[PDB]
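Notes for the one structure printed next.
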Amino acid sequence: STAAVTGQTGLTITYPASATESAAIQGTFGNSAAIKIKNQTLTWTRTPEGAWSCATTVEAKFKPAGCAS
Amino acid sequence: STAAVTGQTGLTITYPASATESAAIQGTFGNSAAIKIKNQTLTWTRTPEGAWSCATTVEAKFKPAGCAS
Amino acid sequence: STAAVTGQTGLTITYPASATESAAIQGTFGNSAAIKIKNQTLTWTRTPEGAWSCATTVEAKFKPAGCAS
Amino acid sequence: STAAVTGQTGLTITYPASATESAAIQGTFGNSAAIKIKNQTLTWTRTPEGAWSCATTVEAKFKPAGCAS
Amino acid sequence: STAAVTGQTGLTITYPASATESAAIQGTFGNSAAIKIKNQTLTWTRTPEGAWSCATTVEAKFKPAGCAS
Amino acid sequence: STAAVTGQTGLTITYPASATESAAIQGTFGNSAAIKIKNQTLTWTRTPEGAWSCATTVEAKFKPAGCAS
Amino acid sequence: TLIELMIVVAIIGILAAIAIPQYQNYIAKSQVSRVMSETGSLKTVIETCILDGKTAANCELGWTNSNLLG
Amino acid sequence: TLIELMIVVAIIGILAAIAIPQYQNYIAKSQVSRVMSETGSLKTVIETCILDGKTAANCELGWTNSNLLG
Amino acid sequence: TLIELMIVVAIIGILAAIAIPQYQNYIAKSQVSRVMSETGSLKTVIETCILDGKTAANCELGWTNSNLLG
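Protein chains in written order, with PDB author numbering: chain FB, 79 to 147; chain BB, 79 to 147; chain EB, 79 to 147; chain AB, 79 to 147; chain DB, 79 to 147; chain CB, 79 to 147; chain CA, 9 to 78; chain BA, 9 to 78; chain AA, 9 to 78.
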């Protein structure tokens, strides 16, 4: 289970290769998740400066207070 | 090893051959360094009079108090 | 974001300019915070000798043991 | 860089002109020094007999064992 | 404050004086500590040769791996 | 204690006796260490020229950046 | 109502099935780094002994017992 | 009850949304400082070589490889 | 499971309330010691100038600027 190849297909990692790229950890719902959010995604993105933030494509009703961006 | 050739590619030395030129020890980051500073340099320069000073090309927030230009 | 000006309106820094004054890191609550504690503040104060302490204007019911001064 | 005119303003040299005066090398803190000791001073004084000693106006807890006078 | 007298009643320092006794830093729990361990002690002992060790009178299951003596 | 015999079973010193031998400081895990790395070793080797290097037999993901060779 | 209790049970099951990362790597790396530092602290005394010309028995180590056997 | 589980979920959400203090600065500063020390350690041998009059090829360094390329 | 979250919050509060030592003393002492060494390095040249009989303007100092003003 490395950054290049994760254990499962639902988790993807964009690893920067230069000082001007931003890292990303993306997870796509599925399997035991609800039908309404079956194919949505939640991502943690890290800017080159080193700042982490969260985002998601799920509807605003289901969005937690920490990822309403 | 020697000033003319060292055992590391990331360390270079400019050795004076006359009495009117300066000496320099330069090190380029890499390998186990952070990606953000993966290619910057830090140099110790010595004037012909015999004064040593430090400089670096990393961002200001990474510079220690001793190498502030 | 620097000590002089931060990137958030809810966080302020009182930076000492002489050896006889204290430093402060003050943070107000807002948006995602509860309505009850909406406009309260929590501050970290550093005496000129170098001792850090915590204080808050919230009720003692919500005060953690660390900042129960 | 001579005794009469030092390189920087933070260093002062009191050079004797007769056989009865005492020499002094005084350094005032500042620049990259701590704010608490921003304007203190450390002096090396030499009696006309040729004895060197050190004095400092910083707080007692910051004094090294050498200049505890 | 000082080794002779400290600002907290729960912290005591035993300071060597005759170059043949051990030094001790003892702390008795209380205040915000749990009721079960309210009056136990944790001590650091330094032998005259200069070796530091930790001991505590708290129950075995609460002891960290470092002070399991 | 001494280089010939130490007070700990898990620490061994290979002390050179001539100008062509290399020094070694070896430590074997155990006691409070994790079960996975219970019987691994970490060694510091000094060549007769006077160069120090680190090595370890622990798994790759547990190695720090310093002892990655 | 029964559906509320069933939803509560489902939430409990969801929370209980959280993915726990392999925390063994964290502790192992920390312990290996600590042992690295402790063993590297002896390089000063070993080098001074070697450069002084002392024998193995005459080299005094200031070693103290480590809770990690290394 | 359902409200207790929702409070637990809310607390989990608050805990997961903690602010990261942007630790890159500390690591970068420490690495730059250690490179500073390593490169400044060569000033002694360089100055002795220069004041002795040796050529570039005749100056013997005590340099060893550094995990940071600098 | 609410009690587990409350215990986690209590542990977080305990960790956040750690006593910070007055680190100003260490930094101040180190800076004062460094300034002591730099200023004492000039004693050699000052003594040679005095014992040679040179004037203040004729005494050459090999002084280099120090990031600490002292």
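Note that beta-carbon positions come from the ideal geometry of N, C-alpha and C, so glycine has one too.
Item	Value
Local Cβ density within 10 Å of CB/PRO126, reported as buried at 16 or more and exposed below that	exposed
is_contact[CA/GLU68, chain BA] using C-beta, thresh 7 angstroms	no
Through-space distance from BB/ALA129 to AB/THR121, alpha-carbon basis	24 angstroms
Beta strand (DSSP E) segment containing EB/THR119, residue limits	119-124
Between the CA atoms of BB/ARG124 and BB/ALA82 - distance to the nearest angstrom	17 angstroms
Any chain AA beta carbon closer than 7 angstroms to AB/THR106	yes
At least 3 beta-carbon pairs within less than 8 angstroms: the region 21-34 of chain BA vs the region 90-104 of chain CB	no
Stretch-stretch touch, CB-based, cutoff 8 angstroms, three pairs: the region 107-121 of chain CB with the region 26-42 of chain BA	no
C-beta contact flag for BB/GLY108 and BB/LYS116 at 7 angstroms	yes
Cβ contact (3+ pairs, closer than 8 angstroms) linking the region 28-37 of chain BA and the region 65-76 of chain BA	no
Residues in the region 107-129 of chain AB having any Cβ partner in chain EB nearer than 8 angstroms	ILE113, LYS114, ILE115, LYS116 and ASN117
The region 83-103 of chain FB: positions lying closer than 7 angstroms to chain BB by Cβ	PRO94 and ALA97
C-alpha distance - BB/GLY88 paired with CB/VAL136, whole-angstrom precision	28 angstroms
First through last residue of the beta strand (DSSP E) which encompasses BA/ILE26	Here BA/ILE26 belongs to no beta strand (DSSP E), and DSSP marks it neither H nor E.
Which listed residue (BA/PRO29, BA/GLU12 and BA/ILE15) has its alpha carbon closest to that of EB/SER79	BA/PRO29
CB/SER131 to CA/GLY61 span [Cα, whole Å]	22 angstroms
Close beta carbons around FB/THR134, own chain, < 8 angstroms, minus the five adjacent residues each side	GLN118, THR119, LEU120, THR121, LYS141 and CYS145
Burial state of BA/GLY78, where buried means 16 or more other Cβ atoms lie within 10 Å	buried
Neighbour-count burial assignment, EB/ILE113, 16 or more Cβ in a 10 Å radius	exposed
Interface residues of chain BA facing FB/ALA143 [CB-CB closer than 9 angstroms]	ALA18, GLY21, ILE22 and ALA25
Cβ pair residue 4 of chain AA, BA/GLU12 closer than 7 angstroms	Outside the modelled stretch of chain AA, which goes from 9 to 78, sits residue 4 of chain AA, for which no answer is possible.
Counted within 10 angstroms of its Cβ, other Cβ atoms place AA/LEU59 as buried (16 or more) or exposed	exposed
CA-to-CA distance, BA/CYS57 to AA/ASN66, given in whole angstroms	29 angstroms
Secondary structure of BA/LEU77, DSSP reduced to three states	coil
Terminal residues of the alpha helix (DSSP H) in which CA/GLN39 lies	32-48
Local Cβ density within 10 Å of EB/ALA143, reported as buried at 16 or more and exposed below that	exposed
Secondary structure of FB/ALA81, DSSP reduced to three states	coil
Chain BA within 7 angstroms of AA/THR56, Cβ atoms only	no
BA/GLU12 in three-state terms, based on DSSP	helix
Closest by C-alpha distance to AA/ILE19, when choosing among DB/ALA101, DB/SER110, DB/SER100 and DB/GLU99	DB/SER110
AA/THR9: contacting residues in chain BA (beta-carbon distance under 9 angstroms)	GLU12, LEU13 and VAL16
Whole-Å CB distance - FB/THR90 paired with FB/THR98, under 8 angstroms assumed	That belief does not hold up - the Cβ atoms of FB/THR90 and FB/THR98 are roughly 21 angstroms apart, past 8 angstroms.
Three-state class that DSSP yields for CB/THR135 in the structure shown	coil
Test: BA/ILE28 CB closer than 7 angstroms to a CB of chain FB	yes
Proximal chain BB residues relative to AA/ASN75, where beta-carbon distance stays under 7 angstroms	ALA143 and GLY144
Start and end residues, alpha helix (DSSP H) containing AA/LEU69	From DSSP, AA/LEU69 is part of no alpha helix (DSSP H); its letter is neither H nor E.
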